[PDB]
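Notes follow once the structure below has been shown.
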Amino acid sequence: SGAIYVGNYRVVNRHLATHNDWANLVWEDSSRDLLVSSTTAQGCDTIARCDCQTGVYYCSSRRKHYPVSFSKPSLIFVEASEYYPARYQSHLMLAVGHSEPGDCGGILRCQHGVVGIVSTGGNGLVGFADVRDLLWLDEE
Ligand SMILES: Cc1ccc2c(C(=O)NCCc3cocn3)c[nH]c2c1
Ligand SMILES: [Zn+2]
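Residues 7 to 146 (the deposited numbering) make up the sequence shown, in order.
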């Protein structure tokens, strides 16, 4: 589990969105595994605006933050999980690291701010849904 809280927005994995998220929906995209809902309070996270390929992510199944090198956001085939059938997921970055299903939502950050959240993974992999192209998260 986990979310990004920027401005009056809450960014979560679409497959972990709650009824309150869906009742206060701003934007969602199944192909990216992302959903954004509105919040009453303002958040503290800042979004990175960059092309970094190195950063640090939180792994809840280890209670640890790990430094990683990651690929640029791309369209990558992803195998079935409990939330989606095997399918192409867009705007996805891969790194070598540990990821179990409940690790979804952990933040990946670089020197500029938040880069994305955990969504995919397995056999020494972990995939992140990028948010650096969502420029509207910085306004309204
Ligand atoms: C071993 C293993 C198995 C499953 C996962 C996993 C997961 O279930 N969430 C994916 C949400 C999703 C995107 O695409 C498909 N399903 C995240 N890390 C894992 C690691
Ligand atoms: Zn950066």
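We put the CB at the ideal spot given by N, CA and C, even for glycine.
### Message
Would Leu100 and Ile123 be called neighbours here (beta carbons separated by less than 8 Å)?
### Response
The residue given as residue 100 occupies position 94 in the sequence shown. The residue given as residue 123 occupies position 117 in the sequence shown. Their beta carbons are not under 8 Å apart, which means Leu100 does not touch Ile123 by this criterion.
### Query
Given that a residue counts as buried once 16 or more other Cβ atoms are within 10 Å of its Cβ, and exposed if not, what is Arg138?
Numbered from 1 along the sequence shown, position 132 holds the residue referred to as residue 138. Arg138 comes out buried.
### Simplified DSSP state of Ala135, which is helix, strand or coil
Mapped onto the sequence shown, residue 135 falls at position 129. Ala135: strand per DSSP, three-state reduction.
#### Entry: Whole-angstrom distance between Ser44 and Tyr72, CA atom to CA atom
Numbered from its first residue, the sequence shown carries residue 72 at position 66. Numbered from its first residue, the sequence shown carries residue 44 at position 38. The straight-line gap from Cα to Cα measures roughly 30 Å.
### Query
So, helix, strand or coil for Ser43, using DSSP?
Along the sequence shown, one-based indexing puts residue 43 at 37. In the structure shown, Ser43 adopts extended strand secondary structure according to DSSP, grouped into three states.
### Query
Going by the beta-carbon positions, is the gap between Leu22 and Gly111 smaller than 8 Å?
What you label residue 22 is simply residue 16 of the sequence shown in a count that begins at 1. What you label residue 111 is simply residue 105 of the sequence shown in a count that begins at 1. Cβ distance < 8 Å, so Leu22 and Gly111 count as in contact.
### Task
Give the single residue among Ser125, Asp136 and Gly119 whose Cα lies nearest to the Cα of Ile53.
What you label residue 53 is simply residue 47 of the sequence shown in a count that begins at 1. Ranked by Cα distance from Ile53, the first of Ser125, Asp136 and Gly119 is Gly119.
### Backbone CA spacing between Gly127 and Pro107 [nearest angstrom]
Reading the sequence shown from its first residue, position 121 is the one you call residue 127. Reading the sequence shown from its first residue, position 101 is the one you call residue 107. Taking the straight line from one Cα to the other gives about 8 Å.
### Query
So what's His21 in DSSP terms, helix, strand or just coil?
Here the question's residue 21 lines up with position 15 in the sequence shown. In this structure, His21 counts as helix in the three-state DSSP scheme.
### Query
Hey, how far is the Cα of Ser105 from the Cα of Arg69?
Along the sequence shown, read from residue 1 onward, the residue named residue 105 stands at position 99. Along the sequence shown, read from residue 1 onward, the residue named residue 69 stands at position 63. Roughly 12 Å separates the two Cα atoms.
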